[PDB]
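Asks: The file below is model.pdb, PDB, C-alpha atoms:
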MODEL        1
ATOM      1  CA  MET F  12      21.335 -24.556  10.728
ATOM      2  CA  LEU F  13      20.770 -21.470   8.501
ATOM      3  CA  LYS F  14      17.706 -19.239   8.018
ATOM      4  CA  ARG F  15      16.465 -15.904   6.783
ATOM      5  CA  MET F  16      14.725 -13.662   9.306
ATOM      6  CA  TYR F  17      12.475 -10.742   8.404
ATOM      7  CA  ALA F  18      11.635  -8.123  11.023
ATOM      8  CA  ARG F  19       9.643  -4.943  10.820
ATOM      9  CA  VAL F  20      10.276  -2.492  13.607
ATOM     10  CA  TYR F  21       7.929   0.252  14.762
ATOM     11  CA  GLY F  22       8.452   3.170  17.137
ATOM     12  CA  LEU F  23      10.911   6.051  17.171
ATOM     13  CA  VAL F  24      13.516   4.151  15.199
ATOM     14  CA  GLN F  25      14.739   6.562  12.475
ATOM     15  CA  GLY F  26      17.360   9.240  13.104
ATOM     16  CA  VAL F  27      18.415   7.554  16.371
ATOM     17  CA  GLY F  28      21.236   5.216  15.287
ATOM     18  CA  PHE F  29      18.976   2.152  15.442
ATOM     19  CA  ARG F  30      20.379   0.658  12.230
ATOM     20  CA  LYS F  31      24.001   1.343  13.265
ATOM     21  CA  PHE F  32      23.289  -0.605  16.479
ATOM     22  CA  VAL F  33      21.708  -3.449  14.494
ATOM     23  CA  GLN F  34      24.563  -3.486  11.980
ATOM     24  CA  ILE F  35      27.318  -3.695  14.621
ATOM     25  CA  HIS F  36      25.548  -6.647  16.218
ATOM     26  CA  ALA F  37      24.758  -8.319  12.893
ATOM     27  CA  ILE F  38      28.420  -8.171  11.854
ATOM     28  CA  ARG F  39      29.576  -9.662  15.177
ATOM     29  CA  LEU F  40      27.093 -12.505  14.701
ATOM     30  CA  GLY F  41      28.174 -13.190  11.077
ATOM     31  CA  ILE F  42      24.809 -12.035   9.729
ATOM     32  CA  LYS F  43      24.307 -10.597   6.216
ATOM     33  CA  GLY F  44      21.351  -8.676   4.787
ATOM     34  CA  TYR F  45      20.139  -5.139   5.379
ATOM     35  CA  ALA F  46      18.195  -2.633   7.439
ATOM     36  CA  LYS F  47      15.902  -0.429   5.323
ATOM     37  CA  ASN F  48      14.183   2.817   6.357
ATOM     38  CA  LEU F  49      10.571   2.863   5.193
ATOM     39  CA  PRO F  50       8.749   6.136   4.496
ATOM     40  CA  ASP F  51       6.272   5.579   7.377
ATOM     41  CA  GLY F  52       9.105   5.736   9.943
ATOM     42  CA  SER F  53       9.401   1.971  10.399
ATOM     43  CA  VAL F  54      12.479  -0.144   9.694
ATOM     44  CA  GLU F  55      12.662  -3.440   7.789
ATOM     45  CA  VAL F  56      15.475  -5.850   8.642
ATOM     46  CA  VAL F  57      16.322  -8.823   6.422
ATOM     47  CA  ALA F  58      18.968 -11.018   8.070
ATOM     48  CA  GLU F  59      20.578 -14.315   7.012
ATOM     49  CA  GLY F  60      22.841 -16.537   9.068
ATOM     50  CA  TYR F  61      22.961 -19.234  11.724
ATOM     51  CA  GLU F  62      19.667 -19.662  13.557
ATOM     52  CA  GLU F  63      21.235 -18.944  16.976
ATOM     53  CA  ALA F  64      22.854 -15.807  15.510
ATOM     54  CA  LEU F  65      19.444 -14.640  14.240
ATOM     55  CA  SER F  66      17.901 -15.300  17.662
ATOM     56  CA  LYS F  67      20.586 -13.122  19.252
ATOM     57  CA  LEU F  68      20.107 -10.396  16.644
ATOM     58  CA  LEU F  69      16.340 -10.424  17.212
ATOM     59  CA  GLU F  70      17.003  -9.638  20.900
ATOM     60  CA  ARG F  71      19.046  -6.615  19.816
ATOM     61  CA  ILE F  72      16.391  -5.543  17.269
ATOM     62  CA  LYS F  73      13.779  -5.562  20.054
ATOM     63  CA  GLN F  74      16.165  -3.773  22.438
ATOM     64  CA  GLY F  75      17.643  -0.985  20.309
ATOM     65  CA  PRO F  76      20.244   1.554  21.416
ATOM     66  CA  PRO F  77      19.069   3.908  24.208
ATOM     67  CA  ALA F  78      18.014   6.682  21.767
ATOM     68  CA  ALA F  79      15.634   4.343  19.924
ATOM     69  CA  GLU F  80      12.077   3.848  21.169
ATOM     70  CA  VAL F  81      11.291   0.341  19.936
ATOM     71  CA  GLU F  82       7.557  -0.214  20.415
ATOM     72  CA  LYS F  83       6.782  -3.313  18.323
ATOM     73  CA  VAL F  84       8.662  -5.871  16.253
ATOM     74  CA  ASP F  85       6.882  -8.239  13.880
ATOM     75  CA  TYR F  86       9.096 -11.018  12.619
ATOM     76  CA  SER F  87       9.133 -14.253  10.680
ATOM     77  CA  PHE F  88      11.536 -16.769   9.193
ATOM     78  CA  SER F  89      12.055 -18.206   5.725
ATOM     79  CA  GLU F  90      14.634 -20.104   3.668
ATOM     80  CA  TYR F  91      18.277 -18.996   3.727
ATOM     81  CA  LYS F  92      19.133 -18.025   0.119
ATOM     82  CA  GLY F  93      22.812 -17.193   0.714
ATOM     83  CA  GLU F  94      22.988 -14.294  -1.745
ATOM     84  CA  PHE F  95      23.880 -11.409   0.668
ATOM     85  CA  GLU F  96      27.585 -10.581   1.034
ATOM     86  CA  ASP F  97      27.477  -7.732   3.575
ATOM     87  CA  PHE F  98      25.084  -6.048   6.015
ATOM     88  CA  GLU F  99      23.842  -2.870   4.322
ATOM     89  CA  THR F 100      21.497   0.049   4.925
ATOM     90  CA  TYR F 101      18.869   1.221   2.404
TER
ENDMDL
END
Represent the structure contained in this file as structure tokens.
Replies:
Amino acid sequence: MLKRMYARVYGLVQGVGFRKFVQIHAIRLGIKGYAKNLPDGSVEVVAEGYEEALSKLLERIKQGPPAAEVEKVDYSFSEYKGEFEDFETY
């Protein structure tokens, strides 16, 4: 039922509202975790919730808002730990 999803996102994905787009969708889907800006310009997303919710969020992560140029997303799944209480940015 529940999983953790990790995604790393490459392209033009900083300074373009990419994480605001991801956050709005994560909240709608009941997902907790975070989207973190890495120094190299990539974004890490850690997301926990229902597996179907994560599948839907992954679609949005790959899509991005129009200003974002999403070129590649590497992702994987692991055990839901249930420790996140909100969806944050770092």
Asks: Using only C-alpha atoms, find the one residue out of F:22, F:75, F:60, F:50 that sits nearest to residue 88 of chain F.
Replies: F:60
Asks: Smallest atom-to-atom distance to residue 86 of chain F: which of F:35, F:58, F:18, F:12, using only C-alpha atoms?
Replies: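 Among F:35, F:58, F:18, F:12, it is F:18 that comes nearest to residue 86 of chain F.
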Asks: I'd like the contact shell of residue 80 of chain F - 12 Å cut-off, only C-alpha atoms, skipping same-chain residues fewer than 5 positions apart - returned as a VMD selection string.
Replies: chain F and resid 20 to 29 52 to 53 72 to 75
Asks: So what does the PyMOL selection byres ((chain F and resi 57) around 9) actually pick up in this one, as a list in words?
Replies: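 Selected by the PyMOL selection byres ((chain F and resi 57) around 9) in this file: residues 15, 16, 17, 18, 19, 43, 44, 45, 46, 47, 55, 56, 58 and 59 of chain F.
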Asks: Evaluate the PyMOL selection byres ((chain F and resi 96) around 10) on the structure here and hand back the selected residues as a PyMOL selection string.
Replies: chain F and resi 42-44+59+93-95+97-99
Asks: Could you please determine the separation between atom CA of residue 64 of chain F and atom CA of residue 48 of chain F in Å, to one decimal place?
Replies: 22.5 Å
Asks: Atom CA of residue 14 of chain F and atom CA of residue 78 of chain F, how far apart in Å?
Replies: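 Computing the Euclidean distance for atom CA of residue 78 of chain F and atom CA of residue 14 of chain F yields 29.3 Å.
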Asks: In Å to one decimal, how far is atom CA of residue 100 of chain F from atom CA of residue 31 of chain F?
Replies: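 About the pair atom CA of residue 31 of chain F and atom CA of residue 100 of chain F: they are 8.8 Å apart.
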Asks: Filtering to N, CA and C atoms, could segment 61-88 of chain F of the supplied structure be written out as a PDB file, in the first residue's frame?
Replies:
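Wrote it out as result-v9.pdb, contents follow:
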ATOM      1  N   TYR F  61       0.842   6.649  -0.547  1.00  0.00           N
ATOM      2  CA  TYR F  61       0.224   5.514  -1.226  1.00  0.00           C
ATOM      3  C   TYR F  61       0.906   5.316  -2.578  1.00  0.00           C
ATOM      4  N   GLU F  62       1.063   4.064  -2.979  1.00  0.00           N
ATOM      5  CA  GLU F  62       1.825   3.741  -4.174  1.00  0.00           C
ATOM      6  C   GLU F  62       1.208   4.398  -5.420  1.00  0.00           C
ATOM      7  N   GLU F  63      -0.120   4.415  -5.518  1.00  0.00           N
ATOM      8  CA  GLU F  63      -0.775   5.068  -6.653  1.00  0.00           C
ATOM      9  C   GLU F  63      -0.545   6.588  -6.634  1.00  0.00           C
ATOM     10  N   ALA F  64      -0.533   7.182  -5.440  1.00  0.00           N
ATOM     11  CA  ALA F  64      -0.198   8.590  -5.282  1.00  0.00           C
ATOM     12  C   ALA F  64       1.217   8.879  -5.794  1.00  0.00           C
ATOM     13  N   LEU F  65       2.173   8.038  -5.409  1.00  0.00           N
ATOM     14  CA  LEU F  65       3.559   8.200  -5.860  1.00  0.00           C
ATOM     15  C   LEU F  65       3.697   8.069  -7.372  1.00  0.00           C
ATOM     16  N   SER F  66       2.946   7.140  -7.956  1.00  0.00           N
ATOM     17  CA  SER F  66       2.924   6.963  -9.408  1.00  0.00           C
ATOM     18  C   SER F  66       2.436   8.242 -10.081  1.00  0.00           C
ATOM     19  N   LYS F  67       1.364   8.827  -9.549  1.00  0.00           N
ATOM     20  CA  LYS F  67       0.846  10.079 -10.083  1.00  0.00           C
ATOM     21  C   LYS F  67       1.836  11.225  -9.900  1.00  0.00           C
ATOM     22  N   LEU F  68       2.506  11.273  -8.753  1.00  0.00           N
ATOM     23  CA  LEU F  68       3.482  12.335  -8.528  1.00  0.00           C
ATOM     24  C   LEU F  68       4.677  12.192  -9.469  1.00  0.00           C
ATOM     25  N   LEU F  69       5.104  10.959  -9.716  1.00  0.00           N
ATOM     26  CA  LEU F  69       6.207  10.720 -10.643  1.00  0.00           C
ATOM     27  C   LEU F  69       5.889  11.276 -12.034  1.00  0.00           C
ATOM     28  N   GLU F  70       4.645  11.116 -12.489  1.00  0.00           N
ATOM     29  CA  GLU F  70       4.228  11.727 -13.762  1.00  0.00           C
ATOM     30  C   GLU F  70       4.451  13.235 -13.757  1.00  0.00           C
ATOM     31  N   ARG F  71       4.088  13.879 -12.653  1.00  0.00           N
ATOM     32  CA  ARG F  71       4.244  15.326 -12.524  1.00  0.00           C
ATOM     33  C   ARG F  71       5.718  15.727 -12.431  1.00  0.00           C
ATOM     34  N   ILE F  72       6.522  14.915 -11.741  1.00  0.00           N
ATOM     35  CA  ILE F  72       7.967  15.164 -11.633  1.00  0.00           C
ATOM     36  C   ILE F  72       8.611  15.130 -13.021  1.00  0.00           C
ATOM     37  N   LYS F  73       8.219  14.160 -13.835  1.00  0.00           N
ATOM     38  CA  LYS F  73       8.726  14.053 -15.206  1.00  0.00           C
ATOM     39  C   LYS F  73       8.215  15.173 -16.110  1.00  0.00           C
ATOM     40  N   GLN F  74       7.009  15.655 -15.828  1.00  0.00           N
ATOM     41  CA  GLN F  74       6.364  16.693 -16.632  1.00  0.00           C
ATOM     42  C   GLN F  74       6.950  18.064 -16.333  1.00  0.00           C
ATOM     43  N   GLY F  75       6.873  18.477 -15.073  1.00  0.00           N
ATOM     44  CA  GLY F  75       7.237  19.836 -14.669  1.00  0.00           C
ATOM     45  C   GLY F  75       6.248  20.910 -15.109  1.00  0.00           C
ATOM     46  N   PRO F  76       6.336  22.109 -14.509  1.00  0.00           N
ATOM     47  CA  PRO F  76       5.589  23.241 -15.025  1.00  0.00           C
ATOM     48  C   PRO F  76       6.247  23.708 -16.335  1.00  0.00           C
ATOM     49  N   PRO F  77       5.541  24.497 -17.147  1.00  0.00           N
ATOM     50  CA  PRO F  77       6.087  24.889 -18.454  1.00  0.00           C
ATOM     51  C   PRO F  77       7.479  25.545 -18.424  1.00  0.00           C
ATOM     52  N   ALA F  78       7.814  26.288 -17.366  1.00  0.00           N
ATOM     53  CA  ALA F  78       9.122  26.946 -17.304  1.00  0.00           C
ATOM     54  C   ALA F  78      10.277  25.977 -17.068  1.00  0.00           C
ATOM     55  N   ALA F  79       9.980  24.799 -16.523  1.00  0.00           N
ATOM     56  CA  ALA F  79      11.017  23.812 -16.243  1.00  0.00           C
ATOM     57  C   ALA F  79      11.333  22.985 -17.477  1.00  0.00           C
ATOM     58  N   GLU F  80      12.629  22.794 -17.735  1.00  0.00           N
ATOM     59  CA  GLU F  80      13.079  21.865 -18.772  1.00  0.00           C
ATOM     60  C   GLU F  80      13.568  20.587 -18.119  1.00  0.00           C
ATOM     61  N   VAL F  81      12.665  19.614 -17.991  1.00  0.00           N
ATOM     62  CA  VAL F  81      12.975  18.349 -17.334  1.00  0.00           C
ATOM     63  C   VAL F  81      13.553  17.429 -18.397  1.00  0.00           C
ATOM     64  N   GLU F  82      14.826  17.071 -18.245  1.00  0.00           N
ATOM     65  CA  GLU F  82      15.520  16.269 -19.254  1.00  0.00           C
ATOM     66  C   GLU F  82      15.610  14.794 -18.881  1.00  0.00           C
ATOM     67  N   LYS F  83      15.829  14.501 -17.600  1.00  0.00           N
ATOM     68  CA  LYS F  83      15.967  13.125 -17.133  1.00  0.00           C
ATOM     69  C   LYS F  83      15.537  13.014 -15.686  1.00  0.00           C
ATOM     70  N   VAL F  84      14.853  11.920 -15.367  1.00  0.00           N
ATOM     71  CA  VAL F  84      14.489  11.593 -13.997  1.00  0.00           C
ATOM     72  C   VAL F  84      14.911  10.160 -13.707  1.00  0.00           C
ATOM     73  N   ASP F  85      15.773   9.996 -12.707  1.00  0.00           N
ATOM     74  CA  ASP F  85      16.145   8.685 -12.206  1.00  0.00           C
ATOM     75  C   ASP F  85      15.367   8.494 -10.924  1.00  0.00           C
ATOM     76  N   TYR F  86      14.742   7.339 -10.769  1.00  0.00           N
ATOM     77  CA  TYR F  86      13.935   7.099  -9.596  1.00  0.00           C
ATOM     78  C   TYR F  86      14.014   5.665  -9.121  1.00  0.00           C
ATOM     79  N   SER F  87      13.638   5.487  -7.862  1.00  0.00           N
ATOM     80  CA  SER F  87      13.612   4.175  -7.235  1.00  0.00           C
ATOM     81  C   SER F  87      12.668   4.199  -6.045  1.00  0.00           C
ATOM     82  N   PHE F  88      12.363   3.016  -5.527  1.00  0.00           N
ATOM     83  CA  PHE F  88      11.457   2.906  -4.396  1.00  0.00           C
ATOM     84  C   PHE F  88      12.107   2.153  -3.246  1.00  0.00           C
TER      85      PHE F  88
END
